[PDB]
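Participant: Compute the structure for the input listed below.
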Amino acid sequence: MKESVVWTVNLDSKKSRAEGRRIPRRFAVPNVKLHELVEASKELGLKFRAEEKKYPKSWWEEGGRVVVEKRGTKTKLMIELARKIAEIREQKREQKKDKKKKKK
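Facilitator: Numbering: from 1, shown residues only. Structure data below:
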């Protein structure tokens, strides 16, 4: 029973503070990917949420937005969001197209 707003650029180091970033680079993942934001919540099945506006509709990289449970927390929530999200990006680094499906 807690709600906190999270952004795609908020946990992105590639974007500047004006661009929409407000998280410490020490725990910020560049190129906010749905896989890191959504896959982290999938681990608990309930904690984060991501919804894109109908305006852009379809699938586009124009930017998205996510909402996570917590409420009362600020960057600390973002630090924790990066804690789970950083794993997913970190998981992508461990595996690559060569070792993703068929080995060569």
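Participant: immediately after the lengthiest helix in the chain, which helix or strand?
Facilitator: For the chain, the helix with the greatest residue count under DSSP state H is helix 75-94. Of the helices and strands lying after helix 75-94 in sequence (DSSP states H and E), the nearest is helix 97-100.
Participant: what's next to that following helix, contact-wise?
Facilitator: The contact list for helix 97-100, computed with Cβ atoms under 8 Å, 6 or more residues apart in numbering, reads residue 104. The C-beta positions use only the backbone N, C-alpha and C, and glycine is treated the same way.
Participant: Pull the distance from it to the chain's centre.
Facilitator: 23 Å (Cα atoms, centre = their mean, to the nearest Å).
Participant: Next: stretch 37-53.
Facilitator: That offset, for stretch 37-53, works out to 9 Å (Cα atoms, centre = their mean).
Participant: Ends of that stretch, what's the gap?
Facilitator: Length of stretch 37-53, first residue to last, Cα to Cα, to the nearest Å: 17 Å.
Participant: who touches it?
Facilitator: By Cβ under 8 Å, 6+ apart, stretch 37-53 touches 6, 8, 11, 34, 64-69, 81, 84-85, 87-88.
Participant: cutoff 10 Å now
Facilitator: 2-8, 11, 29, 32-35, 58-60, 62-70, 80-89, 91-92 (Cβ atoms under 10 Å, 6 or more residues apart in numbering).
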